[PDB]
Protein chains: 2
Amino acid sequence: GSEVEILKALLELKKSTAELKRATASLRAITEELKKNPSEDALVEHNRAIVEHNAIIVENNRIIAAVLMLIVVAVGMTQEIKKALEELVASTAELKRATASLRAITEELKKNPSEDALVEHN
Amino acid sequence: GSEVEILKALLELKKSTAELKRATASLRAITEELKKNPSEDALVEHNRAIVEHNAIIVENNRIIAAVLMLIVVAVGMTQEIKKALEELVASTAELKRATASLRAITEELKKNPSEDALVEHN
């Protein structure tokens, strides 16, 4: 379950990091090459839009991974919860047996109020 | 005076800005190209040192310009100070003339205490 989902989240962080590094490299290549001749308006404006789009995508990937890590941590407790439930089920069944026993004792004690029945009640 | 010094400070800001933009571009080109093969240790370590040196130089240029602007502003007031001094000198000379006149009046009033001398005193 979470063993693979988390490995994929780590792969995502690796890829969004590489994207950030490359987007930053183009950000700078753009500033240095385009300031040489501002008349190349389409090239500088298109590349700046590209850089902003990548920066947003990187930030979104970070947030998405941050949320999915909370889902993953909830998932990783599956076996601990399963064992807690098995214990709760066994406890419920034992409580039921004790209740049925007490009911039978109550009926026996009222029908035949022997001292032994009072001892069994306690 | 300050007319040229300030133009040079502006030229400095232009050149340190161009340096910053280029140093940043190499910072990124270095990260993206060197992470491809970390075994090229000398190239990545030398270029990172280059980037740190340039970043420091840019910060120093900013501080130096900030101080020189204070010297320049002090320099630009040369004519206002010169005129204030011309006024102060004329005032001092007038005060001296008034003092010498008063001394002569005092001598005349004591030697010949005519009412006119008292009027001149006041």
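What you see is numbering from 1 along each chain in written sequence order, possibly unlike the entry, with residues lacking coordinates removed. Chains carry letters from A onward and ligands carry numbers from 1 onward, assigned in written order. Any value you read here covers just the chains shown, which are one part of a larger assembly. As a convention, hydrogens and water are excluded, and side-chain values are obtained from all of the structure's heavy atoms.

The PDB entry annotates chain A as DpHF7 filament of synthetic construct. The PDB lists this entry under the title "DpHF7 filament".

K.L.:
Describe the overall build of chain A, listing the residues and the values that go with them.
P.N.:
The helix count covers DSSP runs of H or I at least four residues long, the strand count covers runs of E at least two residues long, and both are numbered beginning at the N terminus. Secondary structure assignment for chain A yields four helices and zero strands. Starting at the N terminus, the α and β elements of chain A follow one another as α-α-α-α. Relative to its length of 122 residues, chain A is extended, with a C-alpha radius of gyration of 34 Å against a globular reference of 14 Å. Counting only C-alpha atoms, chain A reaches 110 × 20 × 15 Å along its principal axes. Burial classes: relative accessible area under 20% of the type maximum marks a residue as buried, over 50% as exposed, and values in between as partly exposed (1.4 Å probe, protein chains only). Residue burial in chain A is summarised as follows: out of 122 residues, 15% are buried. Any pair of residues with heavy atoms lying within 4.5 Å of one another is described as a contacting pair. Pairs at least 24 apart in sequence give 59% of the contacts found in chain A among residues at least 6 apart. Throughout, radius of gyration means the C-alpha value; the globule benchmark is 2.2 Å times the number of residues raised to the power 0.38.

K.L.:
Please set out helix α1 (residues 2-34) of chain A residue by residue, giving values where relevant.
P.N.:
Here the expected span of a helix is defined as 1.5 Å times the quantity of residues minus one. Helix length check: α1 of chain A (33 residues) gives 47 Å between terminal C-alpha atoms against 48 Å at 1.5 Å per residue, within 8%. Residues of α1 of chain A that are buried sit in contact with α2 (41-75) of chain A together with α1 (2-34) of chain B.

K.L.:
Before we move on, can you summarise the interface of chain B and chain A with the specific residues and values?
P.N.:
On the chain A side, the residues contacting the 11 residues of chain B number 11 residues. Defined here as a combined quantity, buried area equals the accessible surface (1.4 Å probe) lost by two parts on assembly, summed across both. Here chain B packs against chain A, burying approximately 980 Å² in sum over the two surfaces, 58% of which is carbon and sulfur. Salt bridge, as used here, is a side-chain nitrogen of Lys or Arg placed within 4 Å of a carboxyl oxygen of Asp or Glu. At the surface where chain B touches chain A, the tally comes to four salt bridges. Taking the shortest distance from any N to any O, the salt bridge between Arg-22 of chain B and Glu-32 of chain A comes out at 2.6 Å. Here a polar contact means two N or O atoms within 3.5 Å. Within protein one must be a hydrogen donor candidate and the other an acceptor candidate, and residues neighboring in sequence count only if both atoms are side-chain atoms. One can count two residue pairs in polar contact joining chain B with chain A. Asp, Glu, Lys and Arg are counted as charged, while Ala, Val, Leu, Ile, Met, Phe, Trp, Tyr, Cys and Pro are counted as nonpolar; the rest, among them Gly, fall into the polar class. In terms of residue class, the side of chain B that touches chain A is built from two nonpolar, two polar and seven charged.

K.L.:
Any chance you could break down the relation of the copies chain B and chain A for me, citing the residues and the numbers?
P.N.:
Its rotation angle being 180°, the transformation that places chain B on chain A also includes 0.0 Å of axial translation and leaves an RMSD of 0.1 Å. Those values place the two copies in the arrangement expected of a two-fold rotation axis. Closest to the rotation axis within chain B is the C-alpha of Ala-25 of chain B, separated from it by 3.3 Å. Here 100% of the contact residues of chain B are again contact residues in chain A; the copies associate through an equivalent surface. Here the copies are laid over each other by least squares on the C-alpha atoms.

K.L.:
Account for the packing of α1 of chain B against helix α2 (residues 41-75) of chain B, with residues named and values stated.
P.N.:
All names here are of chain B. Interaxial angles span 0 to 180 degrees and are taken between N-to-C directions of axes, which are lines fitted to C-alpha atoms, for helices over the stretch in contact. Their axes nearest at 9 Å, the elements α1 and α2 cross at an angle of 160°. Our classification of the angle between α1 and α2 gives roughly antiparallel. Handedness of the crossing formed by α1 with α2: left-handed. Taken together, the residues of the contact of α1 with α2 break down into 17 nonpolar, six polar and three charged. Just so you know how the angles are binned, under 35 degrees is roughly parallel, over 145 roughly antiparallel, 65 to 115 roughly perpendicular, and the rest oblique. We call a crossing left-handed when the near helix sits turned anticlockwise from the far one by less than a right angle, and right-handed when that turn is clockwise.

K.L.:
Just give me the short version of a nonpolar patch on the surface, but keep the residues and values in it.
P.N.:
All names here are of chain A. Together, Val-4, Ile-6, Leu-7, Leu-10, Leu-13 and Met-69 make up an exposed nonpolar region whose accessible area comes to about 520 Å². For the nonpolar patch, the element with the highest residue contribution is α1, accounting for five residues. Turning to its location among the elements, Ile-6 is positioned in helix α1. Residue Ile-6 is classed as partly exposed on the basis of its relative accessible area of 31%. A patch is a set of surface residues, each over 30% in relative accessible area and not in a salt bridge, joined within 9 Å for like charges and within 5 Å for the nonpolar side chains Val, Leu, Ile, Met, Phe, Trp and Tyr. Each accessible area value is a Shrake-Rupley result obtained with a 1.4 Å probe; residue values ignore everything except the protein chains displayed when judging cover.

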